[PDB]
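Peer 1:
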Ligand SMILES: CCCCCCCCCCCCCC
Ligand SMILES: CCCCCCCCCCCCCC
Ligand SMILES: CCCCCCCCCCCCCC
Ligand SMILES: CCCCCCCCCCCC
Ligand SMILES: CCCCCCCCCCCC
Ligand SMILES: CCCCCCCCCCCC
Ligand SMILES: CCCCCCCCCCCC
Ligand SMILES: CCCCCCCCCC
Ligand SMILES: CCCCCCCC
Ligand SMILES: CCCCCCCC
Ligand SMILES: CCCCCCCC
Ligand SMILES: CCCCCCCC
Ligand SMILES: [Ca+2]
Ligand SMILES: [Ca+2]
Ligand SMILES: [Ca+2]
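Residue numbers (the working numbering), protein chains in the order written: chain Z, 1 to 378; chain X, 379 to 758; chain F, 759 to 918.
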């Protein structure tokens, strides 16, 4: 059995549980708070109902405890306008909508001769401070710097139904990025909207899809969206209590054909040039061609240096480039050794080395690819 | 709990209008203060003070004295002792002992000791300071500084500029203190928490006309971006501040001589903008992990961290508190080793191996080609 | 996108009630409709949309005035060449129901083709011709050496 007590809105005690409790109102207006402190329990409460021991009827009348105001939310993404891979942030353009019901905002038409009252170019905080009523203000959790806003409007109906509309361009931090498997990496773009009020005042309750969540645009894009989701949760809030959160997540991947055709095929041809020369039996020509192919490899590497992000740590592509360069240089070393062996009159050993290299090199490349796949993608 | 504050009391005798709370004084008095019939309660406090080479002058402020009160002070290790009001007009001089009596409605006093370590004894309504006997009784005679709790957390290092020697960081800051002047009565607002939003501590202090512990970043470059800025106060007077910041800080201490094997320190300094006799940092709160973990790799790897409170000289004399967070960082060594040193070693080996050849034309041609390969790799 | 820079902003009204607005602007506009697949032979549209912030039952665009040339001529060459333009008034759905008017200006533009042709394609053709012509030789060592050199020349031109 837990302890039960009753206090006013300031914390002054009024009654204590004996578990049951009773009180009678003396002041002009009494605002009460019920404390239960200690497992699952049943709490029964009534006003002007001394028969709570044996009620009989299903709960009648209006609710005794105050209820939170319910908010409908929706978000749509129009265009991803940038991604920063060193500072780990991205920028997005979209639209946001909020809707709720509050009888305190209602008005009488015969005093204005109008059905719709509107506020323009003002944040919800400013309007709340102007009309001296609490409203469900919000913020972006990972916002970097100021936010650009267009078509900002709030309008209210006589019954008290209010709605908010905004078109935004914002930059959001994303420390969850992981570029280890570049360019085969997959990322998540998460947009979080948090209410700036306690959960006992306002709470997100429904999700509205006023448009397509991810909009289609003409032409190609750098990032391709595979799927999306939307969810409502609760998170701890400053000064205790809890605040609601609305999250939109986009799963994205890069364009693979671009990287494959631009990098890997020319690299394969360059490697093949250094492999094929071992069929020659004139070792001077082999040495000269190997020396030229190393320079060609370096030139291609710095030509593609533009598609090589500088992050301060190694990706898959960097490792492959390093291994390929090392093997290309080892080819030149072996060619010099074979030239010397042929000069001293041991051509048979040079031919045996040629056969060994021709057999071994592709096996080494295939084994390295298998190892990379095992250690980075499973 | 109990409560503290000032009050107004209206007493009436056969005057039924008093219960309305608006009774104006009338007639001839009938009641008086009871405490005036006996001796007043004494307060005694003892302090140990030291006059360093550069700190030969010391001053202390006393609480307010009511008319009719008396003040006593003595010093035993001889330095000079004197008493002045808050402006500074002299009131008494030491003979070392000193004595004074209060004439004005409110008296604010300052004790001067100037010249080694000395004992200072002070009392209000306590002429027996020569032989006190009892351990220091009552409330403190000298005013006390307000104690502030501070904490800081780092979320992400977002950039480092190696030519201008500055870096940028994202994190969270928290402050908490207690001030009875900020207290309020709930029955006037029907609420337990009063809040201020989207305003700096300076702006709120200027709006409510009360001193508050404002702060700044010592090495801040340009403007600072702030989110979720809020101040809220409880009826007892407990206040707290919260902020999420993104800031760029100068760091002239960087040294890149041993690059890429260099090690650096990222130091974040928070200084109070008020004298130490008003507010002072006293405790460190760890509300989160000081260094937060993030998915993926980072350019800089944090090895260790520390947090410390110190005191630094302040403009217009006195001193101000400082809270410092330091991160020790290093670069990723595998990246540089695998990307630079191994290919360089292979290139050097190519130029070394050619000397086994006995056909010097081939050796010359291969050396000439390898020099060009070296230059190409260097610019790559 | 972001803030707009404005100069010479003025509103003046006559006693009869005739009012007019004037502004000189510099602005950055988003254009997700771009498609660069056929680069450098691509053609694009630059669209400028002005929307009234009031319901159509209050104010509506009714006439188009050509106070100047829509596309102004400037000395020197430009990266983009305007081929044609158009102006039109339409109606679009508005927040809190109803409708709002829209005024659209569209410019059809293309790149300078001579620049790309002369700078890229002719040297590439000559480089390809060098690798084609060597097969007339019957000394295969010379052919191999020239092919190896021409591959490096190709890579150098590509990164140039
Ligand atoms: C290393 C680049 C790829 C070249 C093709 C290799 C296929 C395997 C053929 C092995 C032949 C060995 C003959 C002695
Ligand atoms: C200079 C690059 C490293 C090459 C390996 C050198 C190891 C020392 C061997 C000395 C051999 C001398 C033979 C005459
Ligand atoms: C490939 C670059 C262009 C070179 C000109 C080719 C024109 C066609 C001539 C075919 C001649 C075949 C002779 C055996
Ligand atoms: C999903 C990832 C597929 C990666 C395929 C790489 C293909 C390399 C082509 C080399 C051809 C010579
Ligand atoms: C969706 C998972 C894709 C996994 C691709 C693995 C490729 C391994 C070879 C890498 C060579 C650089
Ligand atoms: C802590 C610093 C270690 C530096 C080691 C350098 C290794 C160079 C490798 C060369 C291999 C041929
Ligand atoms: C409208 C597009 C015309 C493209 C013409 C390309 C011309 C290539 C010239 C090559 C000469 C050797
Ligand atoms: C694009 C990566 C190419 C690497 C070399 C592959 C050799 C395969 C040997 C069977
Ligand atoms: C979507 C991947 C296409 C790559 C084709 C490669 C053919 C050698
Ligand atoms: C993981 C990188 C290794 C670089 C040297 C490879 C030589 C076969
Ligand atoms: C963390 C340093 C790894 C470097 C390995 C080098 C092997 C030749
Ligand atoms: C406007 C296109 C001119 C290109 C001329 C090319 C002549 C070989
Ligand atoms: Ca990350
Ligand atoms: Ca420095
Ligand atoms: Ca597009």
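Ideal placement from N, C-alpha and C gives every residue a C-beta, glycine not left out.
Could you tell me which residues DSSP pairs with residue 892 of chain F in its beta bridges?
Peer 2: Here residue 892 of chain F corresponds to residue number 134 of the third chain, with the count starting at 1. None; residue 892 of chain F has no bridge partner.
Peer 1: Kindly examine ligand 4 and report whether one of its heavy atoms sits closer than 8 Å to the Cβ of residue 260 of chain Z.
Peer 2: Taking the first residue of the first chain as position 1, residue 260 of chain Z is located at position 260. Yes, ligand 4 has a heavy atom inside 8 Å of this Cβ.
Peer 1: Is it the case that the CB of residue 892 of chain F approaches a heavy atom of ligand 3 more closely than 8 Å?
Peer 2: Residue 892 of chain F sits at position 134 when you count from the first residue of the third chain. No, the Cβ of residue 892 of chain F stays beyond 8 Å of every heavy atom of ligand 3.
Peer 1: Go ahead and label residue 175 of chain Z buried or exposed: buried means 16 or more other beta carbons lie within 10 angstroms of its beta carbon, across all protein chains shown.
Peer 2: One-based indexing of the first chain puts residue 175 of chain Z at position 175. Under this definition residue 175 of chain Z is a buried residue.
Peer 1: Any heavy atom of ligand 12 closer than 8 Å to the Cβ of residue 871 of chain F?
Peer 2: Mapped onto the third chain, residue 871 of chain F falls at position 113. Checking the Cβ of residue 871 of chain F against ligand 12 gives yes.
Peer 1: To the nearest angstrom, how far is the alpha carbon of residue 799 of chain F from that of residue 360 of chain Z?
Peer 2: Looking up residue 799 of chain F in the third chain gives position 41. Looking up residue 360 of chain Z in the first chain gives position 360. Roughly 47 Å separates the two Cα atoms.
Peer 1: Determine the burial state of residue 652 of chain X: buried for a count of at least 16 other Cβ atoms within 10 Å of its Cβ, exposed for fewer.
Peer 2: Taking the second chain and counting its residues from 1, the one referred to as residue 652 of chain X is at position 274. Residue 652 of chain X is buried by the Cβ-count criterion.
Peer 1: Taking just the CA atoms, how far does residue 828 of chain F sit from residue 717 of chain X?
Peer 2: For the purposes of this step, residue 717 of chain X is identified with residue 339 of the second chain, where counting begins at 1. For the purposes of this step, residue 828 of chain F is identified with residue 70 of the third chain, where counting begins at 1. Separation of residue 717 of chain X and residue 828 of chain F (C-alpha to C-alpha, rounded to the nearest whole angstrom) is 56 Å.
Peer 1: When every heavy atom of ligand 9 is checked, does at least one fall within less than 8 Å of the C-beta of residue 265 of chain Z?
Peer 2: Start at 1 with the first residue of the first chain, and residue 265 of chain Z comes out as number 265. Residue 265 of chain Z Cβ: within cutoff of ligand 9.
Peer 1: Run the proximity test for residue 268 of chain Z: is its beta-carbon closer than 8 Å to any non-hydrogen atom belonging to ligand 4?
Peer 2: Within the first chain, residue 268 of chain Z is the residue found at index 268, counting from 1. Residue 268 of chain Z: yes, Cβ under 8 Å from ligand 4.
Peer 1: Is the Cβ-Cβ distance between residue 501 of chain X and residue 451 of chain X less than 9 Å?
Peer 2: By 1-based counting over the second chain, the position of residue 501 of chain X is 123. By 1-based counting over the second chain, the position of residue 451 of chain X is 73. Yes, they are a contact pair.
Peer 1: Is the closest heavy atom of ligand 2 to the C-beta of residue 726 of chain X under 8 Å?
Peer 2: Locating residue 726 of chain X in the second chain gives position 348, where the first residue counts as 1. Under cutoff, so the answer is yes.
Peer 1: Can you give the Cα-Cα distance for residue 793 of chain F and residue 869 of chain F, rounded to whole angstroms?
Peer 2: Indexing the third chain from 1 puts residue 793 of chain F at position 35. Indexing the third chain from 1 puts residue 869 of chain F at position 111. For residue 793 of chain F and residue 869 of chain F, the distance between alpha carbons rounds to 14 Å.
Peer 1: Residues of the region 761 to 775 of chain F with a CB closer than 7 Å to any CB of chain Z: list them in chain order, please.
Peer 2: Those would be none; no residue qualifies.
Peer 1: Based on the DSSP output, what are the partners of residue 485 of chain X in its beta bridges?
Peer 2: Position 107 of the second chain, counted from the start, is the residue given in the question as residue 485 of chain X. Looking at the DSSP assignment, residue 485 of chain X forms a beta bridge with X:443.
Peer 1: Among residues of its own chain, excluding the 5 on either side of residue 173 of chain Z, which ones have a beta-carbon nearer than 6 Å to its beta-carbon?
Peer 2: The count along the first chain starts at 1 and reaches residue 173 of chain Z at position 173. Cβ within range, chain order: 89, 142 and 144.
Peer 1: Name, going along the chain, the residues of the region 874 to 889 of chain F whose beta-carbon falls closer than 9 Å to a beta-carbon of chain Z.
Peer 2: none
Peer 1: Could you check the C-alpha separation between residue 615 of chain X and residue 558 of chain X for me, to the nearest Å?
Peer 2: For the purposes of this step, residue 615 of chain X is taken as the residue at position 237 of the second chain. For the purposes of this step, residue 558 of chain X is taken as the residue at position 180 of the second chain. Roughly 5 Å separates the two Cα atoms.
Peer 1: Mind checking whether the beta-carbon of residue 799 of chain F lies closer than 8 Å to any heavy atom of ligand 7?
Peer 2: Along the third chain, read from residue 1 onward, the residue named residue 799 of chain F stands at position 41. The closest heavy atom of ligand 7 lies less than 8 Å from the beta carbon of residue 799 of chain F.
Peer 1: What is the DSSP secondary structure of residue 755 of chain X, reduced to helix, strand or coil?
Peer 2: Numbered from its first residue, the second chain carries residue 755 of chain X at position 377. Three-state DSSP puts residue 755 of chain X in a helix.
Peer 1: Under 6 Å Cβ to Cβ from residue 554 of chain X, same chain only, skipping five residues before and after it: list those, please.
Peer 2: Within the second chain, the letter at position 176 stands for residue 554 of chain X. Closer than 6 Å at Cβ, skipping near neighbours: 527 and 618.
Peer 1: With DSSP run on the structure shown, which of helix, strand or coil describes residue 116 of chain Z?
Peer 2: Within the first chain, numbered from 1, the residue matching residue 116 of chain Z stands at position 116. Note: residue 116 of chain Z maps to coil in three-state DSSP.
Peer 1: Give me the Cβ distance between residue 97 of chain Z and residue 208 of chain Z, rounded to the nearest whole Å; I'm assuming they're in contact under 8 Å.
Peer 2: For the purposes of this step, residue 97 of chain Z is taken as the residue at position 97 of the first chain. For the purposes of this step, residue 208 of chain Z is taken as the residue at position 208 of the first chain. Right, their Cβ atoms sit about 7 Å apart.
Peer 1: In chain order, what residues of the same chain have a beta carbon less than 7 Å from the beta carbon of residue 335 of chain Z, not counting five sequence neighbours either side?
Peer 2: On the first chain, residue 335 of chain Z is found 335 positions in, with the first residue counted as 1. Correct list, in chain order: 283, 286, 287 and 290.
Peer 1: Please list the residues of the region 518 to 540 of chain X that have a C-beta atom closer than 8 Å to any C-beta atom in chain Z, keeping them in chain order.
Peer 2: 533, 534, 536 and 537
Peer 1: With respect to the beta strand (DSSP E) encompassing residue 822 of chain F, which residues constitute its N-terminal and C-terminal limits?
Peer 2: If you number the third chain from 1, residue 822 of chain F lands on position 64. Run containing residue 822 of chain F: none; DSSP gives neither H nor E here.
Peer 1: Just to confirm before moving on: does the CB-CB distance between residue 191 of chain Z and residue 140 of chain Z stay below 9 Å?
Peer 2: Numbered from its first residue, the first chain carries residue 191 of chain Z at position 191. Numbered from its first residue, the first chain carries residue 140 of chain Z at position 140. For residue 191 of chain Z and residue 140 of chain Z, yes; Cβs fall inside 9 Å.
Peer 1: For residue 783 of chain F, which residues does DSSP report across the bridge?
Peer 2: Residue 783 of chain F sits at position 25 when you count from the first residue of the third chain. BP columns for residue 783 of chain F point to F:764.
Peer 1: Mark residue 703 of chain X as exposed unless 16 or more other C-beta atoms lie within 10 angstroms of its C-beta, in which case mark it buried.
Peer 2: Counting from 1 along the second chain, the entry for residue 703 of chain X is found at position 325. Flag for residue 703 of chain X reads buried.
Peer 1: Taking the alpha carbon of residue 866 of chain F as the reference point, which residue from F:853, F:838 and F:820 has its own alpha carbon closest?
Peer 2: The residue labelled residue 866 of chain F in the question sits at position 108 within the third chain. Per the C-alpha coordinates, the member of F:853, F:838 and F:820 positioned closest to residue 866 of chain F is F:838.
Peer 1: Looking only at C-alpha atoms, which of X:694, X:691, X:635 and X:700 sits nearest to residue 661 of chain X?
Peer 2: For the purposes of this step, residue 661 of chain X is taken as the residue at position 283 of the second chain. Nearest C-alpha to residue 661 of chain X: X:700.
Peer 1: Going along the chain, which residues of the region 171 to 189 of chain Z sit with their C-beta nearer than 8 Å to a C-beta in chain X?
Peer 2: 173, 175, 176, 177, 178, 179 and 180
Peer 1: Given 8 Å as the limit, tell me if residue 632 of chain X has its C-beta closer than that to any heavy atom belonging to ligand 14.
Peer 2: Residue mapping note: residue 632 of chain X aligns to position 254 of the second chain, counting from 1. Yes, since a heavy atom of ligand 14 falls inside the 8 Å radius drawn around the Cβ of residue 632 of chain X.
Peer 1: By the three-class DSSP mapping on this structure, what secondary structure does residue 706 of chain X have?
Peer 2: Translated into positions along the second chain, residue 706 of chain X becomes position 328. Strand, per DSSP.
Peer 1: Hey, would you say the C-beta of residue 213 of chain Z is under 8 Å away from at least one heavy atom of ligand 5?
Peer 2: On the first chain, residue 213 of chain Z is found 213 positions in, with the first residue counted as 1. Result no, Cβ not under 8 Å from ligand 5.
Peer 1: Under 8 Å Cβ-Cβ, which residues of chain Z neighbour residue 709 of chain X?
Peer 2: On the second chain, residue 709 of chain X is found 331 positions in, with the first residue counted as 1. Per Cβ cutoff of 8 Å: 312.
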